[PDB]
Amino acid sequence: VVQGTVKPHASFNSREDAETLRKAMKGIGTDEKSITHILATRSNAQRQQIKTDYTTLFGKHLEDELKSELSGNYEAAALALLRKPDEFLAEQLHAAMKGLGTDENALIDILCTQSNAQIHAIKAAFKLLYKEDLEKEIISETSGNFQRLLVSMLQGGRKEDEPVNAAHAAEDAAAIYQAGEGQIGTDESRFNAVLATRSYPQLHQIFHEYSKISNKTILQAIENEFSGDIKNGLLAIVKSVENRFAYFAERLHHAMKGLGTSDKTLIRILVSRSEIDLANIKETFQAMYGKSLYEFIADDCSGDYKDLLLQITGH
């Protein structure tokens, strides 16, 4: 079964939890252990009900309160947990795009791994938060082959109900072959077109047909025929169709690798997947990497930052 690590607190009362957070912040200092405990043990919908009771009881929004009480990564991870899911991704896209430079990788994690219905919700929430239109913003901040793949992803046009038909999986696998390996350059239109429109079941069957004609896997073929941003965008889709839990277990491992941490990725994957398949992502992490995801966080992170994260994650 695919499930996340956060489950709704049983015998929840938003009034009482709003009043416990007010008490945790009252006076000088803050009781972070209380804040961490409430946020990390209520589901996102319960956190949204705590938030309406806090503003009705107190006249101030819980968000504004935390930004004055908290700092740095604990503030960011806490604040992430109160964002309605769709909005959080909508906001993470914004951050990737409108800074100095681009988090190319944040855009791939969010647009390339998504269903049609999720793309339609991330597009809506961005419009609502930012008044601008995301495809118009993606087209302003990206160019070339990469831009084109993210414009495809924003349409929500995959033929998700297309059935596995092996004669066609074979026609497409051959088509991709001629585009890549079968010629000197690469016709990128054919990579983008097939990986953007075919259902995920039908894409699986293509990948298998491709290994019977070629002596490289489709991953190897993209890895050789493509460079940079579009190479990582197209491999994200291949990894999503083959095994989504491994894609994120990978992206998480890389956040924690070497010196320091890429907390931005860490907060983003842990928080977004927490109520969808963070349980599965954890078993795939362990199997691929030796250590547990818990152990990994426990070593790379510190303070309350580390605690909040380790209570979302669980052992």
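The first residue of the shown sequence is 1; numbering continues from there.
- Between 33-41 and 252-260, it is 252-260 that carries the larger average Cα temperature factor according to the deposited entry.
- When the C-alpha B-factors of 91-99 and 219-227 are averaged, 219-227 comes out higher.
- Ranking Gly182, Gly156, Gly72, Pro85 by the C-alpha B-factor listed in the PDB entry places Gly182 at the top.
- Per the PDB record, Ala167 has a higher Cα B-factor than any other of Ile108, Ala167, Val151, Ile122.
- In this PDB entry, the Cα temperature factor of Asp53 sits in the middle third of its chain's modelled residues.
- Among the modelled residues of its chain, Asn232 has a C-alpha B-factor that falls in the lowest third according to the deposited record.
- The PDB entry assigns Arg15 a C-alpha temperature factor belonging to the lowest third of its chain's modelled residues.
- For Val1, the recorded CA B-factor ranks within the highest third of the chain. Only modelled residues enter the ranking.
- Sort the modelled residues of the chain by CA B factor and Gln46 lands in the lowest third.
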